[PDB]
């Protein structure tokens, strides 16, 4: 059987509540990895699993420095001959962030599968058990290699570069409206549909094994009456980059333009993304800053942080955004 390491970080999949009817406001990251494994013994028929407790927190508290350590640990594990793949339990709220980070930094073709759950382990009809089982099946399948980092949940396999939490509270929240899923798992069988046409993992230039932190990047929203002072505040607090979750295709108000101008004069890299949820923010030489291609705000921040560890050249960073 394939040797799979289940690296636990917390989340609802490891969460609990006083009753089985409480599906919200529960405590995330309360249960240990072995408890998750023991809850679904069937996994042992899919692989020889080993649980490792990396952390146990609600993902809203996951930070770049910790995500950095997570990627470095996964790289250490994948370098071992006795490890064929890694399943990472993580809270749903920022899994797209953590997953995309490793998508760009893991130097291996071995499967790296993030798994999550929208209902706590104690809930009636909890989704975590089946999602974990599916994650291990995907991580241990020889056909899962070289596909980039994946996020498995609700019978779907999504690419870390496209998948995002689209709904605040539903089981089927993870979707990539325009890009679809890399594959699906039905009747204990994996059906691979797509291979992402972007750079990742073994073909990524982003290596952070020699770093302990990443350049600071904040996200500012775009909306009617958006304030200039928020740009002032970000600049003053030392951001290296600003991701703009803009109105429409990264459109900017006169106040947003003034704020971006100030940011650029201070050497801050401005990246225009969109608040809409999907789609392409196209180049526009008439507006300040760079454009995020199809990366949403959360994803754009991650790539910009990594881009900044390599260069400050806007043209190079822009190309990264069209290829990663």
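Whichever C-alpha set is largest while still superposing within 1.5 Å between the two forms counts as the rigid core. Residue numbers count along the first chain shown, from 1.
Per-stretch RMS Cα distance to the displayed form in 5 other deposited structures of this protein, following rigid core alignment, is highest for 208 to 216 when 183 to 191 and 208 to 216 are compared.
Averaged as a root mean square over residues and superposed structures in 5 other deposited structures of this protein, CA distances to the shown form are larger in 31 to 39; the pair compared was 31 to 39 and 280 to 288 with a core fit.
Note on 173 to 181 vs 196 to 204: mean CA B-factor is higher in 196 to 204. Taking the PDB entry as given, 76 to 84 carries the higher mean Cα B factor of the two stretches 91 to 99 and 76 to 84. The residue among 299, 50, 272, 275 whose C-alpha carries the highest B-factor in the deposited model is 50. In the deposited coordinates, the residue among 293, 285, 65, 60 with the greatest CA B-factor is 285. The entry lists a Cα temperature factor for residue 210 that places it in the highest third of the chain's modelled residues. Residue 256 sits in the middle third of its chain by CA B factor, as recorded in the PDB entry. The deposited CA B-factor of residue 156 belongs to the lowest third of values across its chain. Annotation for residue 144: C-alpha temperature factor in the highest third relative to the rest of the modelled chain, per the entry. Remark: residue 13 belongs to the highest third of its chain, ranked by C-alpha B-factor as recorded.
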